[PDB]
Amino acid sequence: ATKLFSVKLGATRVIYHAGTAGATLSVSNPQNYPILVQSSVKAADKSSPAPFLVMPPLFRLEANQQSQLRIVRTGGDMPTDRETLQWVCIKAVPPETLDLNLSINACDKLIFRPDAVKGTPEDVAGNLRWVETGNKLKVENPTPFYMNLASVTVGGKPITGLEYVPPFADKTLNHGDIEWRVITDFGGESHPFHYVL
């Protein structure tokens, strides 16, 4: 009587290159029975609407079925000089002592990259500036990219809880050299970067 439930997405992020006709994201049903699926796109704040449509927005997956979702920009007035982050979310719903059931929502960053924003975050991730005062660690991102940091350490001590750093933005979290990696456009981690102080 354990209830198990999962949904599989083909990637952990989707990079939406401005010049393209659209992006895709695979979704699979690991269950040996049919599930209902809803896909939506929300703005960076996880609540506001975003100028994207996912097709189909509503579908049923058979047992073990794998499908593709198409994601297309539909208008909007996104900036041209920096990335804009959205979230693409997949809601999965199973069919109907305890009677235990679950529904789940898996959301990926959907990162919009204007055509004039060239290269990748990892190309310029060595331009992050770090400042340490007392217990406060601040990271400054002077680049047009979202900087999705992983495996951050300070004097070898793991730092957990630095949020992703938006374009032209800083983050501050409550000693010694900093080391970090970024999660790449393709989901793995970059080579390490270092900053001395």
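Don't overthink the numbering: it's just position in the shown sequence, from 1.
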query: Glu96-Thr97 interval: deposited residues absent from the model; finding: 10 or more
query: Residues with no coordinates between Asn174 and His175, taken from the deposited sequence as a class; finding: 4 to 9
query: Candidate residues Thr153, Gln31, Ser40, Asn141, the one whose C-alpha B factor the record puts highest; finding: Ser40
query: Third of chain Cα B-factors occupied by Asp123; finding: middle
query: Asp185, C-alpha B-factor rank within chain (lowest, middle or highest third); finding: lowest
query: Entry-reported Cα temperature factor of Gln68, expressed as the chain third it lands in; finding: highest
query: Chain-wide C-alpha B factor ranking for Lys136, given as lowest, middle or highest third; finding: highest
query: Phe5 - Cα temperature factor, lowest/middle/highest third of chain; finding: lowest
